[PDB]
Amino acid sequence: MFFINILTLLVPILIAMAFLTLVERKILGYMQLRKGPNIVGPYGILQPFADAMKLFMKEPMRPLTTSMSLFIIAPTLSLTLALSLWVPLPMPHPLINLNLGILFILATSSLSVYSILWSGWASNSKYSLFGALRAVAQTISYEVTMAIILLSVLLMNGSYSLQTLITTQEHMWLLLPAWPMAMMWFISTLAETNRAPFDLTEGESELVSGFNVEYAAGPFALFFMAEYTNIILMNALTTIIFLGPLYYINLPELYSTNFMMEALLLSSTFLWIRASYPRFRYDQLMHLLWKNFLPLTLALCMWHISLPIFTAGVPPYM
Amino acid sequence: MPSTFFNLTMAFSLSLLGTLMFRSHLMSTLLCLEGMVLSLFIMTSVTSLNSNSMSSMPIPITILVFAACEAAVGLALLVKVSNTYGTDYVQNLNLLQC
Amino acid sequence: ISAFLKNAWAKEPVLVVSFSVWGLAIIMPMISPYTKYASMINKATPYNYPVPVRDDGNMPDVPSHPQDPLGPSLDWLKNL
Amino acid sequence: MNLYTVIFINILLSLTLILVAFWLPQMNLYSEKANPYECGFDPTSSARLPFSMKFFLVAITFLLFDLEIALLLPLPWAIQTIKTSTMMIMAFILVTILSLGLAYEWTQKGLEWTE
Amino acid sequence: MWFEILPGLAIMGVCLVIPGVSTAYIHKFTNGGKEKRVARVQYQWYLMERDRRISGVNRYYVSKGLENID
Amino acid sequence: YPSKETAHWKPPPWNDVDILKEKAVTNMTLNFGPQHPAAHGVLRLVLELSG
Amino acid sequence: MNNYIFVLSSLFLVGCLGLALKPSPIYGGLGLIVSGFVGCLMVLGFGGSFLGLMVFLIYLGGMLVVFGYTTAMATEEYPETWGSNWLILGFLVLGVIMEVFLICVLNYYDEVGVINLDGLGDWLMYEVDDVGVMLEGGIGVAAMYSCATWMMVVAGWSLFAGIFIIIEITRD
Amino acid sequence: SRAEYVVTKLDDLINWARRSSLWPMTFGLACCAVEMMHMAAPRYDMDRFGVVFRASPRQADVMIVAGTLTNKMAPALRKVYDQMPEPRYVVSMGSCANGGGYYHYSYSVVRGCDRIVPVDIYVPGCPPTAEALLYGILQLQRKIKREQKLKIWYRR
Amino acid sequence: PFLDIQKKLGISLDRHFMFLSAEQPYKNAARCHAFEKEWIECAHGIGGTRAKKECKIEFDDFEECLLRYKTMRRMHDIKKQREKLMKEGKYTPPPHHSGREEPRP
Ligand SMILES: CS(=O)(=O)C1CCN(c2cccc(Cn3cc(-c4nc(-c5ccc(OC(F)(F)F)cc5)no4)ccc3=O)c2)CC1
Ligand code: SF4
């Protein structure tokens, strides 16, 4: 039965990645006064399959300057982790109940960067190396605030488990007490994915494609789908932590429904933002995260350390 | 337990062997040092969990703290070395023979 | 100084907020009357078994039964 | 065992995709195609040369900040303790010393990049 | 117009709803019409092993009530 | 005391500062075009980089 | 099972060996990441999770910084791998073979207090509290805030001083 | 259940994919690049057809030679084309690319991009109306509709 | 010890968590707690030279609780003899040793 559950958790995520590429294109088109794919199928529901099939039908590249081992490992790892981050998620019941699920998320995400690093290094092209170093800077920038934001939120949950947030929000979202932390977490998830305005790892206007510039159809598809999967993942994280779906033990289907609605909202917001803003300079990202988010993050961490004490609202350990 | 500890000790010894037997690059030796730190952290955590002594878990985290501080100052010295000679080679810092 | 605080609140409000929240976090515990209850709650939780004692016959203050009206009551936590 | 199962399933999915991407399509390999890409012209050098780093100090600092995060993470448990005043004081001291170190770096212009 | 986008959104919404409902229904089907027991601490695991043993077949979700004490 | 090993040895400097071979700059050269989107199509823009 | 923790320790040993052979620090950081992953796995197999996830995150950040640095200071025109040098590859294989030999000869001549291939998997979790609620590893590491306050100030000052010290070292 | 019929349908599918997903390359040399843009604009939405400008040749499937090709630029063009992975198509846009055009008799112009790379479709104009470039894209789509590769493999 | 500042000021920065028999979180107990306690209590007030001869029984009980070389040897010998028997067909494990047991409670 567990393998069937694996399927019911995996194949829909990939279909959703594909139709997320679709929704991205169509939303950006209508924002840009254009339509977006409507030719390939009814309103374009076959463009993703066309793209994927076409890519996995193309000649891949085995250049002469590359370390083929890492060149091939990196996309494998990217996709693997993009799919593995979805397992401990409660919707409302997870496939793998982990007590330290938050830390699993953190570590797997911090690991997904090495796909970019090793790809850009192996490719042995200057633009690839530039994308890799930009990823290094981006991680060094956001990873400090990520964990402190998350700790400050969890100090009212009582644990690193993703299933106690459901009982924590049983009456009221965690956005009201933590909307500053929610905003900073939103932007930091925006950065974790190398997504606009932080699309610096593949900045087409400075670096033709970054770490992808030597990669070709299949591996490139792997990278791309990993990106568009981590997008949905981080939206789901935002909407399990700060937004709380209705949990009535006799009605988990409503929980899944509302979870999906909120995830769609947050993802469409990601696309909105890509369409609405220019791109940062990768030094300004560091300056932001280290001069506006980290000081405030420490202040709020102290605030949420104290609040349970001068309120007697310390959470329980299971 | 005993086989685990034997293998972790052998691993510490291999990393120490690497640290002692230099090659051109210095960062490789720093990485061998970090590997020794890893071995020791793991050994200590395993011992504390086998003994159920939850009063000694604060020790390995301190191990990691100080190991990373050592790594930081090593990287800074590496920066200075590269600025001086343009490379992190060890065969270049041999002028204190007098 | 008010003008300095003002031009900072206009220019660099993020550090103003940071210092303010720092100070409030450090202060409010000294201010609230619900601060004493944190340790009382974390002490009220029976994470272990309440090992009983031998009735030497000289423990008047100690109960012979859970529902015997003796010992620490948790009403202050039942209506808080 | 189930976590192992899921993760290995993902490994196998990715590897299957890569296999059928490397063995399904028709190939025609030659040097001018397999050569590096530098915007239409030939590279003047190798990409394996020192690419100077201007945020090295910030990365070093990031190491220590990661460790401070590692020391802050046990709070969810440290708040279940009877000695609450001690936990409060120690957490405040830790975060304050962290912020003071950051402020000293800021002022001495460490967070700014070498040019 | 903008309502030409709802097909993809609805498809992805269905695909994002499927996982949770599937996990829940499968947990119920495999754990005897009950939520999969959570073992966050060793005490719960001890309880579950006790249940597994007392149940004629080694399965923790076969609950044995007062019918089995006389 | 001199030896066959310590013949090439030179007395150190009086301030511990050593006249050192000036290691020239190695500046990464990059063809920013053409075919680069920023480059409007026919610009090459060979440039030197320190990072 | 039963060979699980031993396989983990052997993989950790091989990772540390390939590290000690000092290839380009890129592949060395790779081996260190792998060894930290294996260490996490084994620490989890002994009972504790917090410490494993912790060390993993720490070494991931460290190897990120190390990649950034080696691409700037510790690079070469032709970086060396384990296969590049016949001698390094040969000593790597030799080390694997010597580990095998040591194990298979200690099982025979030596006692069972070090390596017991027969009896493996019997000594991992000697004792345990079957009825227990407060055994997570984070309890100990949180003792720093309440009981072991000295280690906390010690480490915090180490980090403070480290900031000042790296600044002073990197001053030009 | 004839294998020839199955192969014809499979080839239809192959071509449908490679056709409904044509990612060109951001390679514009001269005026004709403006009409390329305008064909990317709302009135003529490219993505509507599955067309997407990717900047790396290792990801592109077709290159539109949108302007004049000088002798100082031909090596780079041939290099980029060479770096594009098969299947790779080419489209000559304008009169400069087809036969040099208004600069045919110049000392610094190749009298046709068809000398440096092989061209599938020629779009005439100076500049070609974006509508015409789209007509050419669809002409290419049909040409791909008529590749019949697996049928050839089965007939070999 | 070299500078017994703690024992002077009457504090404890590093000495209340040295050995296993010390106060642990939530009044748990490290294994070999009693053996360590008895060793320490025997070695108190006599010195490390005498303790190496007079608390030898207790220290050895501690060493065996902690490292367990002898339990290992014993169980290994038992399994070895049983394997020999089964090899030459002189033994059959009872039901409760082959999975088929009465699982009390
Ligand atoms: C001027 S703009 O603002 O309009 C600008 C905005 C951005 N934009 C855009 C956005 C999203 C996608 C694309 C097309 N595109 C698709 C892929 C790629 N997709 C898949 C893939 C694999 C499996 C899939 O699911 C399944 F097949 F079922 F497994 C589905 C897909 N692999 O690679 C890679 C590169 C690429 O550009 C384009 C349009 C233009
Ligand atoms: S054909 Fe005409 S419009 Fe096109 S590039 Fe040449 S001169 Fe310009």
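Neighbour counts are summed over all protein chains in view; Cβ atoms, including those assigned to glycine, are modelled from backbone coordinates with ideal geometry. Just so you know, all these numbers are worked out from the coordinates, no wet-lab data involved.
Numerical summary
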read-out: Count - residues of region H:11-29 that are within 16 Å of ligand 2 (Cβ to nearest atom) and surrounded by fewer than 21 Cβ atoms within 10 Å (Cβ to Cβ); value: 0
read-out: Number of the exception - residue H:114 against (1) surrounded by 20 or more Cβ atoms within 10 Å (Cβ to Cβ); (2) acidic (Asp, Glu); (3) within 15 Å of ligand 2 (Cβ to nearest atom); value: (1)
read-out: Residue check for residue B:15: under 20 Å from residue I:66 (Cα atoms), at the interface with chain G (Cβ under 7 Å from one of its Cβ atoms) and surrounded by 23 or more Cβ atoms within 10 Å (Cβ to Cβ); value: no
read-out: Helices (runs of 4 or more DSSP H) enclosed by region A:235-318 - at least 1 residues per element that are closer than 30 Å to residue E:33 by Cα and among the small types (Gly, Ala, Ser); value: A:252-276
read-out: Residue count for region A:193-215, restricted to those that are part of a helix (DSSP H, G or I) and either on the phi > 0 side of the Ramachandran plot or surrounded by fewer than 23 Cβ atoms within 10 Å (Cβ to Cβ) (or both); value: 1
read-out: Residues (assigned to a loop (DSSP other than H, G, I, E, B) and under 18 Å from residue A:296 (Cβ atoms)) located in region C:3-37; value: C:12
read-out: Number of the condition not met by residue G:87 [criteria: (1) assigned to a helix (DSSP H, G or I); (2) more than 25 Å from residue B:9 (Cβ to Cβ); (3) in contact with a helix residue (DSSP H, G or I) (Cβ under 8 Å, 6 or more places away or on another chain)]; value: (3)
read-out: Complete set of residues in region H:18-49 that are closer than 28 Å to residue H:146 by Cα, at the interface with chain A (Cβ under 9 Å from one of its Cβ atoms), away from ligand 1 (no atom under 11 Å from the Cβ) and among the charged types (D, E, K, R); value: H:18, H:19
read-out: Yes/no for residue F:47 being within 14 Å of chain D (Cβ to nearest Cβ), touching a helix residue (DSSP H, G or I) at 6+ places or on another chain (Cβ under 9 Å) and not in a loop (DSSP other than H, G, I, E, B); value: no
read-out: For residue A:255: the one exception among (1) more than 10 Å from chain D (Cβ to nearest Cβ); (2) within 30 Å of residue A:124 (Cα to Cα); (3) in contact with a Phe, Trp or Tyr (Cβ under 6 Å, 6 or more places away or on another chain); value: (2)
read-out: Selected residue [more than 16 Å from ligand 2 (Cβ to nearest atom) and touching a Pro at 6+ places or on another chain (Cβ under 8 Å)] from H:51, H:34, H:6; value: H:51
read-out: Given (1) in contact with a helix residue (DSSP H, G or I) (Cβ under 7 Å, 6 or more places away or on another chain); (2) over 17 Å from residue A:124 (Cβ atoms); (3) not in a helix (DSSP H, G or I), index of the condition residue D:51 fails; value: (2)
read-out: Any hit, region A:216-227, residues being closer than 30 Å to residue A:56 by Cα, in a loop (DSSP other than H, G, I, E, B) and at the interface with chain D (Cβ under 10 Å from one of its Cβ atoms); value: yes
read-out: Enumeration of residues in region H:121-139 that are touching an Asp or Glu at 6+ places or on another chain (Cβ under 6 Å) and either within 16 Å of ligand 1 (Cβ to nearest atom) or within 14 Å of chain A (Cβ to nearest Cβ) (or both); value: H:130
read-out: Residue ID - surrounded by the most Cβ atoms within 10 Å (Cβ to Cβ), chosen from residues in region B:18-46 that are not polar (S, T, N, Q) and not in a helix (DSSP H, G or I); value: B:25
read-out: Residues located in region A:18-48, provided they are near ligand 1 (Cβ under 10 Å from one of its atoms) and surrounded by fewer than 18 Cβ atoms within 10 Å (Cβ to Cβ); value: A:28, A:31, A:32
read-out: Per-region count, region H:54-70, residues more than 14 Å from chain D (Cβ to nearest Cβ) and within 16 Å of ligand 2 (Cβ to nearest atom); value: 4
read-out: Residue that is farthest from the chain's Cα centre (by Cα), among those in region E:33-70 that are away from chain I (no Cβ under 14 Å) and loosely packed, with under 12 Cβ neighbours inside 10 Å; value: E:70
read-out: Any hit, region A:57-65, residues being more than 16 Å from ligand 1 (Cβ to nearest atom), more than 8 Å from chain E (Cβ to nearest Cβ) and basic (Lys, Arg); value: yes
read-out: Check on residue H:154, of a type in the set (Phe, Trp, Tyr), surrounded by fewer than 19 Cβ atoms within 10 Å (Cβ to Cβ) and either assigned to a loop (DSSP other than H, G, I, E, B) or more than 12 Å from ligand 2 (Cβ to nearest atom) (or both); value: yes
read-out: Any hit, region D:14-27, residues being surrounded by fewer than 17 Cβ atoms within 10 Å (Cβ to Cβ), more than 18 Å from residue H:59 (Cα to Cα) and in contact with a helix residue (DSSP H, G or I) (Cβ under 7 Å, 6 or more places away or on another chain); value: yes
read-out: Single residue of G:114, G:96 found to be of a type in the set (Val, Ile, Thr), more than 7 Å from every other protein chain (Cβ to nearest Cβ) and at negative phi; value: G:96
read-out: Any pair with Cβ under 8 angstrom, 6 or more apart, that starts in region A:3-32 at a residue that is within 16 Å of residue D:11 (Cα to Cα) and ends at one that is surrounded by fewer than 20 Cβ atoms within 10 Å (Cβ to Cβ); value: A:3/D:5; A:3/D:9; A:6/D:5; A:6/D:9; A:10/D:9; A:10/D:13
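Residue by residue, here is whether (1) over 27 Å from residue D:13 (Cα atoms); (2) in contact (Cβ under 8 Å) with a residue 12 or more places away in the chain; (3) surrounded by fewer than 22 Cβ atoms within 10 Å (Cβ to Cβ) holds:
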| position | (1), (2), (3) |
| --- | --- |
| A:83 | no, yes, no |
| A:96 | no, no, yes |
| A:101 | no, yes, no |
| A:104 | no, yes, no |
| A:146 | yes, yes, no |
| A:168 | yes, yes, yes |
| A:173 | yes, yes, yes |
| A:177 | yes, yes, yes |
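Residue-wise test of (1) more than 7 Å from every other protein chain (Cβ to nearest Cβ); (2) in contact with a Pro (Cβ under 9 Å, 6 or more places away or on another chain); (3) farther than 24 Å from residue A:253 by Cα.
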site	(1), (2), (3)
A:83	no, no, no
A:86	yes, yes, no
A:92	no, yes, no
A:127	yes, no, yes
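This table checks each residue for (1) among the acidic types (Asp, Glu); (2) buried (at least 18 other Cβ atoms within 10 Å of the Cβ); (3) away from ligand 1 (no atom under 16 Å from the Cβ); (4) more than 30 Å from residue A:32 (Cα to Cα).
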| residue | (1), (2), (3), (4) |
| --- | --- |
| H:51 | no, yes, no, no |
| H:55 | no, yes, no, no |
| H:62 | no, yes, no, no |
| H:71 | no, no, yes, yes |
| H:79 | no, yes, yes, yes |
| H:92 | no, yes, yes, no |
| H:102 | no, no, yes, yes |
| H:110 | no, yes, yes, yes |
